[PDB]
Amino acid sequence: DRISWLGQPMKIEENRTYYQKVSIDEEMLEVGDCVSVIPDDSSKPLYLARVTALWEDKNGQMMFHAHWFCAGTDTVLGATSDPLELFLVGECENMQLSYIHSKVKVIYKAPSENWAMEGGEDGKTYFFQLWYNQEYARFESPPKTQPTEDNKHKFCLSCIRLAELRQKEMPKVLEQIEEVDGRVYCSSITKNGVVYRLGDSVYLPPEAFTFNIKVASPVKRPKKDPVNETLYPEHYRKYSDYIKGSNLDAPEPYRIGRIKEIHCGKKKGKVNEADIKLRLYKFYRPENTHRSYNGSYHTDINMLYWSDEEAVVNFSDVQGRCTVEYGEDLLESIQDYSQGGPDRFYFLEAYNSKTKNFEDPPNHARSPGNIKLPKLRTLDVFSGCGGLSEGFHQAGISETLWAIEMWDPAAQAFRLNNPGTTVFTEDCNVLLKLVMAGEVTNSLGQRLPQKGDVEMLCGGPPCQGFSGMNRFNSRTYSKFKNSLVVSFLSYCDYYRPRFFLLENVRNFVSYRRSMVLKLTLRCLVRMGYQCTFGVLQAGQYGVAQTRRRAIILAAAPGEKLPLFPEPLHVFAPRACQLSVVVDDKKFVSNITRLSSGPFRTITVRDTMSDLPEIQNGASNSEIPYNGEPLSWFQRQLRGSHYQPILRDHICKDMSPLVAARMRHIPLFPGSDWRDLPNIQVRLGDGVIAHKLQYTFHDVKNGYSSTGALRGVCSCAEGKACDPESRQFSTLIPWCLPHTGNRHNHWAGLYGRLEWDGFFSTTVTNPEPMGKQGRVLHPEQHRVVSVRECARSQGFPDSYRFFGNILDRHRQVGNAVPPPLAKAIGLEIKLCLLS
């Protein structure tokens, strides 16, 4: 009711006199106290905030600054959240004291000084541990920022964080050269923490500028002819026009300019920073020259051509800084330079767009002259053959002692690639129990890891139940494989590592209305871990495959919570849907490159083009490459050292019938079972594959052009399935027309890869009749080999697999692609520094 200032006003401003205390209804209030408020726009019952400032206005009104908390129910957590728990957020605002509903108790819960070694009345008392970022779903440690002489009156973490953020992202001119008739020339500018100078290079969107070389529009493909429905009875199911793994809609990688001039104008006597122009020399990517794509197949993805072509461009369009060097200017070798840091390109020649020839670069294209990092001791659970820890190893952040893998062939393979790790094949529940019970070793004399040994913990838990392909996920098997993530969390609790990584399939975020996700995040929060989740697309990290994977990252209290890696390669946009919705809110990762990227998309050609031809059933585990690496990608995976022998280029031996089918799948992109002819085929011995027979009306699909029926079963007519309607050994598989109408016509089954395209998600057993079925070679009539699958996953050719062909396929299919793991690992490395 009545509000009155208690005490002497501190630091009186011009329009404000700030106070540290006030009285409302006999109750005493002070800065740092917390308070309740009732919202007007609320579907949410209550608001809670800290009082940062108490000033009175010259308008006579009496004000305070509110730094809002967030209730765990308003975070990704939701109803799983602890009801007493609040999080700090970047919401704050000025408000009239009249609005305070009450004074509430809010306590800060710090991670214990012993935190690492743990994990074995009052109408209500609120608490907070972590600061929440609503946009990225990041739970991070509170800022350490402290108030001082001038701050103590208005000090607000939200305000500060906002001021720093918009200060850092706003464009500013650093150095000025000369003013002429209103135009200012600048030597130095900055935005978003990056400093740009004359002579630096810059990433622009593909649309920023064009090249003197122009691309040709010409004639689109006219219908080659009407199809013959008698011969090709299932072709009509192709009306969609969508080609799985097509690269046609893939964006171009960034344009790259070299900065020659920088200018802007003036506004109100001062330089207008909001508008800054850059004048650039354009670089050509090889595919931008007349050579186009088919002339660039063999070039380094980071090689450019210098040109004197210029363009003017807006600063605001700059996507970031990159390094471009003249090869001969290099103190080190080109490989060493390319491998030494991100955003690194080079050029040897220059491109004349007029003459279409390559020249030594002009003198002005030349540059002037014209800490041992300790590896985290890592424990890899559900290690598989080791893809994930292989990626971490390439990133130099981890040395993996202790892998746990239950499936023997995978553990063997891990061992073969990891001479220095103790690999336990036990059930992880059992092992955890053993170490919990005080055991130093296991029956085999393998030393168990103990609290303090494990710095980093990582793994993919079984994805079989979480997979959207799994019809039976509701049964006992899939559920059993589901409790394992809780087991993994138990490891995290017990060992309390500095860094935590959990990987799974994308569907892991949507499963059981996102309950799994919510519960594991809640778990990590209870433990006191900084954490976050996100979905990454492997393709954006340099393999030619669509693999969308859920990644959950946690960091111990003392650490810095890593960020998800920014995409390196462009990739087809439909295959890029990375957002997740939980409880009606949309969440995205910290990732800012939504359209383009620094490197061109890695292709199927780039992946397997060097592999010797083989037939269905090839069993030769060691055969010579006959040839050199044909691509950048192949060069990266084959190494530079003499290595004449190609391993695992074997492929499954498919039945005579399946092999005839494969033989009749056309080579063209988007080819699959729907292109099969309906014809009789002589199989092995006296076995004959008879035509498929259509004896039922399909009430949905109607009659063919010829007038034939389209049904293979009575269910086509809305009647119940009749067994004995089932036809055997037909070229066109009976079951596909059977259920096609509710399966999207089983697109991709017996499908081919295309050279210019990418692989569909590489699974544990390539099967042309499997739900993910375009496993055919772009050319040869056979399923992809183990080597080819390994390549699709970005494994080095030297990585060893163990067991029979199905075993190796499964080890490959299960793995986190090393390039993805490498990217994530580099983010972690970023945290290890500072």
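Position 1 is the first residue in the sequence shown; the rest follow in order.
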Original post:
Is it true that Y477 has no coordinates in a third or more of the other entries in the comparison?
Top reply: yes
Subject >> Other entries omitting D241, at least a third >> reply: yes
Subject >> Deposited residues lacking coordinates between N370 and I371 (none, 1 to 3, 4 to 9, 10 or more) >> reply: 10 or more
**OP:** Check the residues of the deposited sequence separating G120 from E121 and report how many of them have no coordinates, as none, 1 to 3, 4 to 9, or 10 or more.
**Re:** 10 or more
**OP:** Could you check which stretch, 145 to 153 or 472 to 480, carries the larger mean CA temperature factor in the entry?
**Re:** 145 to 153
**OP:** Would you mind comparing 677 to 685 and 308 to 316 for me and telling me which has the higher average C-alpha temperature factor in the entry?
**Re:** 677 to 685
Original post:
Between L806, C789, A53, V783, which one tops the list for C-alpha B-factor in the PDB entry?
Top reply: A53
Original post:
Which third, lowest, middle or highest, does the CA B-factor of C159 fall in along this chain?
Top reply: highest
Original post:
Within this chain, which third does the Cα B-factor at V658 fall in: lowest, middle or highest?
Top reply: lowest
**OP:** Give the position of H743 by CA B-factor within its chain, expressed as the lowest, middle or highest third.
**Re:** lowest
**OP:** Using the B-factors in the PDB entry, rank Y541's C-alpha atom against the chain and give the third, lowest, middle or highest.
**Re:** lowest
Subject >> CA B-factor ranking of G597, expressed as a third of its chain >> reply: lowest
